[PDB]
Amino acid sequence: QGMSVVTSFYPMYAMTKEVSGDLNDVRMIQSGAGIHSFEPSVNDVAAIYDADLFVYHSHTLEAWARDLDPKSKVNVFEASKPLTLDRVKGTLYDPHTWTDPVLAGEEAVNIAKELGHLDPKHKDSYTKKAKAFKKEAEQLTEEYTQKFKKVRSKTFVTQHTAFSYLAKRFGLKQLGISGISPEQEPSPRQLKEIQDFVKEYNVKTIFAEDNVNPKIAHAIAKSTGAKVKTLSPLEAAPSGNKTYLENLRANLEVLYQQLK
């Protein structure tokens, strides 16, 4: 009862699920680490072909989604079609929009439309709930755009380049030890450039993430006089049952408390 929905990783599962409510059956492909270097198993693609809707974030992330041509009434929906992804500096694009409350809220809205478009009978519950999500997202944005405006230290160093949009929306500066993907690891040379960055901007916290070994994270910490903490890009299903925004909110707090 209700259409089968399938999502790529955590931010998609959370959004479509909170928007659908109890209506459909939402499932997720990759709930762990590696969405960047992930490739679906034959089983994964099968669940996609037996599902009424399969929502994934982008072609710049789930590259494997582009190569799916069904005989099944399954809809492939690239939820971040509207958004305008920034180019990667240093051409490819930074897919990390979901860590930005606004862009996240407006992508959740886009899913509500696709949900409503396939099931007009309940198009209200979809749009009704998407109003809430988007709403809670503005409230969180206002709350933190305010808290960060009171903070002097504006720079933070994360495991990889995953917080460019979040840093952007709150007037912060972020530097990743690794690139857009956790696989794009730094050479000894770049390790030096990062340590010099931490010293120059006087960063006192290097934010490791669960999805990757903090060995290097800790090394830089020891050498630049900083402590290691955890800042999650929400790419892996968080422990506990919080809302997408409450999880995001949680991290907005550690960042905030740290820069303070």
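Numbers for residues come from their place in the sequence shown, where the first is 1.
Missing deposited residues between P70 and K71: 1 to 3, all without coordinates in the entry. In this entry, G90 and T91 are separated by 10 or more residues of the deposited sequence that lack coordinates. When the C-alpha B-factors of 243 to 251 and 13 to 21 are averaged, 13 to 21 comes out higher. For the pair 49 to 57 and 230 to 238, the record assigns the higher mean C-alpha temperature factor to 49 to 57. For the set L115, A162, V157, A104, the PDB entry assigns the largest Cα B-factor to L115.
Taking the PDB entry at face value, the top CA B factor among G176, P182, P95, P82 belongs to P82.
Per-chain ranking of the deposited C-alpha B factor places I111 in the middle third.
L172: CA B factor in the middle third of modelled residues in this chain (values from the PDB entry). For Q1, the recorded CA temperature factor ranks within the highest third of the chain's modelled residues.
Sort the modelled residues of the chain by CA B factor and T141 lands in the lowest third. The entry lists a Cα temperature factor for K204 that places it in the middle third of the chain's modelled residues.
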